[PDB]
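Numbering of residues begins at 1 and proceeds along the displayed sequence. These values consider heavy atoms only, across backbone and side chains, with no hydrogens, waters or symmetry-generated copies.
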Amino acid sequence: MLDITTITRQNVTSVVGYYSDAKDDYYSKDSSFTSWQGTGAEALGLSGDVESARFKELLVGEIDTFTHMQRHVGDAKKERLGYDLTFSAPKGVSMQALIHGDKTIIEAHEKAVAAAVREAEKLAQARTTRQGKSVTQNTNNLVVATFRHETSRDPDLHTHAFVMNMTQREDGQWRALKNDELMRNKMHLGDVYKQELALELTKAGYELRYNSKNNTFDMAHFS
Ligand SMILES: [Mn+3]
């Protein structure tokens, strides 16, 4: 449902969107496979398809050519670059989307990810210094690059919602995410995705089967 991978300098080459084709500015232009999300992304003037060069700049804290974030206070290879929140659809749902080509499923999946992303924003914090003392500021803004993967084979519909390690403070300064609230809310975020997906599917008219034991769902008549 939800997996959270912490990306650092040690595992960066495994992050979604790290590689791209030289000829292309975008990974997939004129489609919904990628998109910028979050209030931080909008504050940066970012929306629609994700430009690979920009994604990679933000990955390593490059707000712009004159503005590189300092997030390293300790071993430099330990610096967190971001968090991959991977939202995976139930198996029957993936089958309906990928094996039956049901575009409605894709849309509901996207809505559910957007909803979970918005909930994630509530948990965004940054350290600051009021008057000599340190205080945690609720910033309510994230920069997120999302990449949808449609793996036809054992069907697996999921989206990588990559949360940059940054948030915009009240003073306009970009600082590292204080990830504590995010990390202890992994289960909550996963349930938000699950609930919104069920809600959207139900609204479209789909019959869903509920598993009381572990409080999950999947398409009625399907894995
Ligand atoms: Mn993937």
Side-chain angles (χ1 to χ4, degrees), residues 1-7 14-17 26-28 31-39 41-42 47-50 82-124 140 142 144-151 153-163 179 181-212 214-221:
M1 200 168 301
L2 178 54
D3 272 278
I4 299 188
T5 310
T6 293
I7 302 302
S14 74
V15 71
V16 281
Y26 299 85
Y27 305 89
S28 43
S31 47
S32 48
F33 281 105
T34 82
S35 75
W36 288 109
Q37 292 187 208
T39 299
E42 181 57 43
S47 80
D49 304 354
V50 181
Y83 307 88
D84 179 346
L85 307 197
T86 306
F87 295 88
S88 300
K91 187 181 181 182
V93 172
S94 298
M95 294 173 60
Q96 181 65 194
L98 301 188
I99 281 41
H100 292 144
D102 190 329
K103 259 53 178 180
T104 321
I105 306 308
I106 303 294
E107 184 60 19
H109 170 80
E110 290 284 318
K111 287 265 178 48
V113 171
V117 163
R118 295 189 298 268
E119 277 296 308
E121 281 206 309
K122 294 180 185 178
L123 309 170
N140 217 301
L142 295 167
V144 192
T146 77
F147 304 77
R148 181 172 73 248
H149 286 157
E150 300 180 9
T151 325
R153 263 77 216 353
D154 185 52
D156 178 2
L157 172 69
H158 65 273
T159 286
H160 300 259
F162 188 85
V163 183
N179 74 2
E181 282 307 306
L182 187 56
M183 292 303 135
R184 72 185 55 173
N185 281 283
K186 173 182 164 165
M187 185 165 71
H188 170 65
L189 294 184
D191 282 335
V192 168
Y193 166 76
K194 176 191 75 183
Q195 290 159 18
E196 285 294 304
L197 174 56
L199 257 17
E200 286 295 346
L201 295 178
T202 300
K203 192 213 296 182
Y206 291 97
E207 197 192 335
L208 297 181
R209 186 194 323 290
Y210 294 93
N211 183 302
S212 171
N214 34 225
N215 203 32
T216 53
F217 85 95
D218 208 343
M219 303 284 304
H221 314 303

Checklist entry - Passes side-chain contact (heavy atoms from CB on, under 4.5 Å), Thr159 versus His149? Steps please. => result CA-CA 6 Å; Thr159 286; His149 286 157; over 6 Å; no

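- Using a cutoff of 4.0 Å between basic side-chain nitrogens and carboxylate oxygens, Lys103 and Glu107 are not scored as salt-bridged.
- Salt-bridge check for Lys91 with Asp154: passed, with a basic side-chain N closer than 4.0 Å to an acidic carboxylate O.
- Scanning both residues, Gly190 and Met1, for their nearest heavy atoms gives O-SD, 3.5 Å.
- No option in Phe162, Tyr27, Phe33 other than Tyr27 meets the ring-ring contact (aromatic ring centres under 6.0 Å, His included) test with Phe147.
- A donor-acceptor contact shorter than 3.5 Å is absent between the side chain of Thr146 and the backbone of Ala161.
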Item to check | Residues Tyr206, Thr104; criterion side-chain contact (heavy atoms from CB on, under 4.5 Å); working and verdict | outcome: CA-CA 10 Å; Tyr206 291 97; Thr104 321; 3.3 Å; yes

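- Nearest heavy-atom pair across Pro155 and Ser94 is O-CB, 3.4 Å.
- The shortest distance between side-chain heavy atoms of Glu42 and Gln37 does not fall below 4.5 Å.
- No donor-acceptor pair under 3.5 Å is formed between the side chain of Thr86 and the backbone N or O of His160.
- Distance alone, capped at 3.5 Å, is enough to place a donor-acceptor pair between the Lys194 side chain and the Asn215 backbone.
- The backbone N or O of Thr39 lies less than 3.5 Å from a partner atom in the side chain of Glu121, making a donor-acceptor pair.
- Panel note: side chain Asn179, backbone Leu182; no donor-acceptor pair is recorded below 3.5 Å.
- Here the shortest heavy-atom pairing between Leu157 and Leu98 reads N-CD1, 3.8 Å.
- Ionic pairing of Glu119 and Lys122 is present here: one or more N-O contacts between side-chain nitrogen and carboxylate oxygen are shorter than 4.0 angstrom.
- Residues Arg148 and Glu150 are paired through a salt bridge, judged by an N-O separation under 4.0 Å between the basic side chain and the carboxylate.
- Side chain of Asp218 to backbone of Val93: a donor-acceptor contact under 3.5 angstrom is found.
- For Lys186, the NZ atom sits in a packed shell: over 12 heavy atoms of surrounding residues, nucleotides or ligands are nearer than 6.0 Å.
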Item to check | side-chain contact (heavy atoms from CB on, under 4.5 Å) assessment of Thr202 paired with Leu199 | outcome: CA-CA 5 Å; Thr202 300; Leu199 257 17; 5.6 Å; no

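- Taking the ring centroids of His109 and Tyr193, they lie under the 6.0 Å cut-off.
- Between the side chains of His158 and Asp156, at least one donor N or O sits under 3.5 Å from an acceptor N or O.
- Of all non-hydrogen atoms in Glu196 and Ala115, the two that sit nearest each other are CG-CB, 3.5 Å.
- Contact check for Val144 versus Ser35: no side-chain heavy atoms found under the 4.5 Å cut-off.
- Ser31 contributes a side-chain N or O that, together with a main-chain N or O of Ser28, makes up a donor-acceptor pair within less than 3.5 Å.
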Checklist entry - Can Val50 and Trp36 be said to form a side-chain contact (heavy atoms from CB on, under 4.5 Å), step by step? => result CA-CA 6 Å; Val50 181; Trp36 288 109; 3.6 Å; yes

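- In plain terms, the two heavy atoms of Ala108 and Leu201 that are nearest each other are CB-CD2, 3.9 Å.
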